[PDB]
Amino acid sequence: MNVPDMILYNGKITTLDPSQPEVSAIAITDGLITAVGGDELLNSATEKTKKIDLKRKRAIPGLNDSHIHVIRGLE
Amino acid sequence: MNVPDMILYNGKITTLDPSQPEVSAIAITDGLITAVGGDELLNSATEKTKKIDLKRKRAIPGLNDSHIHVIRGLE
Amino acid sequence: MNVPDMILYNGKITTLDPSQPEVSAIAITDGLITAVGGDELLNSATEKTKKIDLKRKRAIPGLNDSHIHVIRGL
Amino acid sequence: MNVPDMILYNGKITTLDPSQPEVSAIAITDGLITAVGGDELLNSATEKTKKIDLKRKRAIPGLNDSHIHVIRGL
């Protein structure tokens, strides 16, 4: 496991992975999901890793399709 | 024997499984994902399983939260 | 005079209308949004209009694009 | 004085404005929609305003709710 660019933890994340349909944390490196799980993912973080405490909130992947642009920056 | 209620196949489906971030088919049994993969999932289907040929459309989970209402039926 | 088929009210709705970026109600007629605003929309209803209380939920148009299939079975 | 921070144009943009349900461009100023319309919106841009050609893509507002975190960066 490489040092991830970002780790979101302490949340509710649906994965669409029959093995573990729901996790509380996910690690992202170069735009790719490198790990999913719980607080233990934090063991991979260094000073360069950005961390987001989801504060028990649900988290879902941003709409990502080649035919639609998701307008960001509103409110 | 485990039989899914619905099987969406021949599409593009993003998952948060690091080992399989993109599949073309997903199986659903009473509201939960039972399996993901390719058209081999259709071998698990039976007369009762609803099957949807995504015709290469991207499949995304609909907004599913008690605080959100998805407005249906707009043309 | 137009009477909407449906009115979704008491919600939180973004419009992309600079005049009123957020409203609490929307009126639907033959699949089209024919009005946006607040509770005053309910004055346009008749017994045939279906009124739905959004219960303060944030209401978002369903994603409808020919290239996307929104899974509703979950 | 007050200039747009971003301008998306040449796309397909649905608005909940009954009088103008569909536009191809929108102007965003400090998180707020300032204007909607066509290519003419580019005339309101300075050099600091970020501009994006949607290349005919459909543009949809991002999910913005305090109960949900939209994972960015893929």
Side-chain angles (χ1 to χ4, degrees), chain A residues 1-45 49-52 54-72 74-75, chain B residues 1-45 49-52 54-72 74-75:
Chain A
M1 172 154 60
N2 45 42
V3 177
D5 291 321
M6 169 75 226
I7 296 174
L8 296 95
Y9 65 111
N10 193 45
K12 296 175 179 178
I13 311 173
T14 293
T15 71
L16 297 203
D17 174 315
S19 307
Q20 52 196 316
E22 184 110 318
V23 299
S24 62
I26 179 173
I28 302 175
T29 300
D30 296 310
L32 299 162
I33 309 306
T34 47
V36 300
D39 283 22
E40 78 286 351
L41 257 49
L42 299 171
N43 282 300
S44 74
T49 305
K50 282 79 74 185
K51 301 170 178 169
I52 291 176
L54 296 163
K55 301 164 185 178
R56 302 317 305 170
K57 298 176 176 61
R58 175 135 299 196
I60 59 177
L63 212 309
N64 189 181
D65 190 74
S66 70
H67 304 77
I68 74 164
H69 174 92
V70 175
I71 300 162
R72 299 299 177 186
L74 300 181
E75 263 257 298
Chain B
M1 181 182 244
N2 312 303
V3 184
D5 301 324
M6 165 71 75
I7 293 182
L8 296 79
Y9 65 104
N10 185 43
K12 302 166 182 178
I13 313 162
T14 298
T15 86
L16 296 184
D17 176 346
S19 71
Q20 196 172 195
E22 304 283 297
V23 296
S24 62
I26 185 177
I28 301 174
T29 306
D30 291 327
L32 311 177
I33 310 306
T34 322
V36 297
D39 48 49
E40 66 286 356
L41 257 54
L42 291 168
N43 297 320
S44 72
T49 78
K50 290 90 69 177
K51 42 185 64 176
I52 301 180
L54 295 169
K55 297 189 172 174
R56 287 283 284 168
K57 295 176 176 66
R58 174 173 298 292
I60 310 168
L63 292 312
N64 179 22
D65 191 90
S66 73
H67 308 86
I68 306 292
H69 174 94
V70 188
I71 307 172
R72 307 298 296 283
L74 305 183
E75 277 118 47

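All heavy atoms count here, side chains included; hydrogens, waters and symmetry mates do not. Convention: sequence-line order gives letters A, B, ...; per-chain numbering from 1.
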| request: Please report the closest heavy-atom contact between A/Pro18 and B/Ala35, naming both atoms and the distance. | output: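 Smallest heavy-atom distance, with atoms named: CG-CA, 3.5 Å.
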| request: Heavy-atom pairs under 4.5 Å with chain B are the metric here; pick the option from A/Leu32, A/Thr34, A/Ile13 that has the most. | output: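 Looking at each of A/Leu32, A/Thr34, A/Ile13 in turn, A/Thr34 comes out on top.
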Under 4.5 Å heavy-atom distance to chain B, tell me which part of [X] shows up: side chain, backbone, both or neither.
X       : value
A/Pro21 : neither
A/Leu63 : side chain
A/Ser19 : neither
A/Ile33 : both

Heavy atoms from other residues, nucleotides or ligands near [atom1] of [X] exceed 12 (cutoff 6.0 Å):
X       : atom1 : value
A/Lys57 : NZ    : yes
B/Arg56 : CZ    : no
A/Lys50 : NZ    : yes
B/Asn2  : CG    : no
B/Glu22 : CD    : yes

| said: So, taking the atom named OG1 in B/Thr15 and the one named CG in A/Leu16, what distance separates them when rounded to the nearest 0.5 Å? | reply: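 CG of A/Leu16 is found 6.5 Å from OG1 of B/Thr15.
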| request: Ignoring hydrogens and angles, tell me if any N or O in the side chain of B/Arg58 forms a donor-acceptor pair with the backbone of A/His67 under 3.5 Å. | output: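 No; judged by distance alone, with no hydrogens or angles, the pair does not exist.
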